[PDB]
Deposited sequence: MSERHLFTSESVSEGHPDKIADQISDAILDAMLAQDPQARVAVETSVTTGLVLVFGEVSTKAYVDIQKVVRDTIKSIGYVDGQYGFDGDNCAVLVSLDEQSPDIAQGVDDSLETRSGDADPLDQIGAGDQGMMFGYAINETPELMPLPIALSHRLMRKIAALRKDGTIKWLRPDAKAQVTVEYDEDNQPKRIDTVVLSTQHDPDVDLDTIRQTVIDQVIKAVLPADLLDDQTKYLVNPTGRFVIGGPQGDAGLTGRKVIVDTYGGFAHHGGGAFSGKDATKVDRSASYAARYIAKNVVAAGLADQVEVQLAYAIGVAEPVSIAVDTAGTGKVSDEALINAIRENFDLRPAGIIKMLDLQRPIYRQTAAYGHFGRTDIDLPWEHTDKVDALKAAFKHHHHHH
């Protein structure tokens, strides 16, 4: 029985709090200094936010205000949650310091026509569940919802490895303590899960598990811990793709780890959007102090409507893949990163990310003329 599970987490999850803080600080600095170099880790545990890293910028930023404001947007805005943007400890250890690649790295991109956003079905549905739960909290539709939430979607795959059905949805949400489990369960199933899962993939055997922990009143960093870059699979493709092993949040586009991974997605997505494959993993190899990627591999899983060598050729001709090139190409020296630090860097329908534009379709179509 071919079953595959992917997870996503809300803005409220401690690991995502860390990622959003790291990227909020990045935005704050790019907002004043497009040239800002940034390398900012965040750690969060019971009542604590430690920010630490190197930075090099002309920008003047009140880190405390950025951290506390980020935590408030997420929804931690009164002490009944245990965690509060105004009342939590914030400790800061920042150093201040004011082409060609710096890492001998591998970066991977992926796309697949399983969903309109060209993402695998499990990660895409997980993301849509966390984004819906969050929207329902924030617009005030469900007043008892608290920030921290998690979804795991198990999809059952065919003989052809096509998505046959949805086997299990696990969804856990933080809530006000004045709401009983039966209400939380019925409400999530009805207004979150059944609002987002396509009806044609559900049957009477689909398992819906809401808050299997039971009550979940105190959350965020309170019982738990959270760190920058511990939701890499959530951040990318839910484990459909390979990894060079950087993490994104807290890093400016100077970091090819981040910029080439965005570029790799841009390629994969345009290839599949153009119909040149049903799925493709793009593999970029950089050498230290060589701008151009030293090597480009491509895996279509034999869904390629074109040669592998011919596809690699189209990509070398229509994408600038030098670190500097990618920055100009995707316009990455702008404060666009806080919004990526929850609900996935890839497959985003709710916000406009440059590497999700399908504006290289005509360029690629034309390359076979």
Comparing deposited sequence to modelled residues, the uncovered ranges are 1-3, 102-124, 396-401
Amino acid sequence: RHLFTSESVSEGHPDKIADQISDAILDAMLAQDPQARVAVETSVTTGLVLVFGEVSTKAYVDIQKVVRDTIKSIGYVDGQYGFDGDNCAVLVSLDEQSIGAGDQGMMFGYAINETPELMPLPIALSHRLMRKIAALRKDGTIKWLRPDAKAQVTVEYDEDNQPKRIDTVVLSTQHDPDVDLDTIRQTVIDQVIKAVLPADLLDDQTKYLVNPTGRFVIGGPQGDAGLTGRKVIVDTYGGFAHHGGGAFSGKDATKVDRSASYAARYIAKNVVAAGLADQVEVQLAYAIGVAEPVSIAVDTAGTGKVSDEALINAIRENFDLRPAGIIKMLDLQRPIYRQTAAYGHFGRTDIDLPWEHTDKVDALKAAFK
From here on, numbers count along this sequence of modelled residues.
Identify the stretch, either 157-165 or 115-123, whose C-alpha atoms have the larger mean B-factor according to the entry. 157-165
Pick between 358-366 and 1-9: the one whose mean CA B-factor in the entry is higher. 358-366
Between 342, 314, 48, 336, which carries the biggest CA temperature factor in the record? 314
From 93, 73, 87, 97, pick the one with the largest CA B-factor in the entry? 97
Once the chain's modelled residues are ordered by C-alpha B factor and cut into thirds, is residue 106 in the lowest, middle or highest one? middle
Entry-reported Cα temperature factor of residue 210, expressed as the chain third it lands in: lowest
Select lowest, middle or highest to describe the third in which the CA B-factor of residue 81 falls within its chain in this entry. highest
Quick tally, chain-level thirds of C-alpha B-factors: residue 183 sits in the lowest
Test of reading the entry: by CA B factor among the chain's modelled residues, which third contains residue 148? lowest
